[PDB]
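Protein chains: 2
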Amino acid sequence: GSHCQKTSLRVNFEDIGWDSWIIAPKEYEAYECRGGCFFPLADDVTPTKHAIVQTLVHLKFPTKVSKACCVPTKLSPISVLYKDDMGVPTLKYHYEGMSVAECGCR
Amino acid sequence: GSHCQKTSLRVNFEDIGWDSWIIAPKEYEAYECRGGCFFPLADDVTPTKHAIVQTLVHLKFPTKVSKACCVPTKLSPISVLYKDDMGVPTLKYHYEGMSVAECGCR
Ligand SMILES: [Cl-]
Ligand SMILES: [Cl-]
Ligand SMILES: [Cl-]
Ligand SMILES: [Cl-]
Ligand SMILES: [Cl-]
Ligand SMILES: [Cl-]
Ligand SMILES: [Cl-]
Ligand SMILES: [Cl-]
Ligand SMILES: [Cl-]
Ligand SMILES: [Cl-]
Ligand SMILES: [Cl-]
Ligand SMILES: [Cl-]
Ligand code: NA
Ligand code: NA
Ligand code: NA
Ligand code: NA
Ligand code: NA
Ligand code: NA
């Protein structure tokens, strides 16, 4: 519906220069938040008042003030197999903030 | 330093069609978050891992994946004088989420 939402983003750790310390997995589903912040809103979302006020000021003064932005509002962990100070392969069971759980306009 | 930060944004309630129910004040300091999300980061900020990973994927695939976005990460209340169901002028002492307290890349 052209509104702020979660969509797929497969991240390869080698592509981002993290494969020097992340051994596994090779790739993971990080998701991303894409779409607009405009009126009217999706009826099942959690908007802030600052995002609604800024979006309205944007409409009136579009060259000076930016619209609201679609961003992750909650993140989930993943497990990684990483190399510790000596190099030993070690499991990090809950590696926080790697994957989008919820999107919203902020 | 061209990095994500708090900057002034004076909001007039009439400009955004809220003066029908907000009587006072006329205008308030809402702030906004402006600036880039790029490497290297400001050394005193609170970045998420998803924002760092997405920014790096953006660098590699700039046409497909967007960069991180500079947004409010904490909001503060203001007091408003508002009209209640009958029209009586009523103070809302803590009207949440009207003003930026902190900015960050998300
Ligand atoms: Cl991709
Ligand atoms: Cl996965
Ligand atoms: Cl709406
Ligand atoms: Cl629509
Ligand atoms: Cl809010
Ligand atoms: Cl962690
Ligand atoms: Cl203005
Ligand atoms: Cl003020
Ligand atoms: Cl950095
Ligand atoms: Cl710099
Ligand atoms: Cl994080
Ligand atoms: Cl409130
Ligand atoms: Na990718
Ligand atoms: Na995954
Ligand atoms: Na303008
Ligand atoms: Na304004
Ligand atoms: Na104020
Ligand atoms: Na590309």
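Protein chains in written order, with the authors' numbering: chain A, 324 to 429; chain A', 324 to 429. A prime marks a further copy of an entry chain. Yeah, the Cβ is synthetic: ideal placement off N, Cα and C, and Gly gets one too.
6 Å Cβ shell around A'/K415 - same chain, five flanking residues per side excluded: Apart from the 5 residues on each side of it in sequence, A'/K415 sits with its Cβ closer than 6 Å to the Cβ of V403, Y405 in its chain, given in chain order.
Anticipated Cβ contact below 8 Å, A'/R357 with A'/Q377, distance rounded: Going by Cβ atoms, the distance from A'/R357 to A'/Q377 rounds to 19 Å, so no, they are not a contact pair.
From A/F336, A/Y354, A/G340, residue whose alpha carbon lies closest to that of A/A347: A/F336
Reduced DSSP category for A/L364 - H, G, I as helix; E, B as strand; rest coil: coil
Residue 316 of chain A versus A'/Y354: straight-line alpha-carbon distance, rounded: In the structure as shown, chain A starts at 324 and stops at 429, and residue 316 of chain A therefore has no counterpart that could be examined.
Residues with C-beta closer than 6 Å to any heavy atom of ligand 14, in chain order: A/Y351, A/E352, A/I401
CA-to-CA distance, A/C360 to A'/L379, given in whole angstroms: 24 Å
Check: A'/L398 C-beta below 7 Å from any heavy atom of ligand 3: For ligand 3, not one heavy atom lies less than 7 Å from the Cβ of A'/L398.
Nearest neighbour of A/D338, chosen from A/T330, A/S331, A/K349 [CA to CA]: When each option's Cα is compared against that of A/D338, the closest is A/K349.
Distance cut-off 7 Å: A'/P395 Cβ against heavy atoms of ligand 15: no
Interface residues of the segment 343-358 of chain A facing chain A' [CB-CB below 9 Å]: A353, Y354, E355, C356, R357
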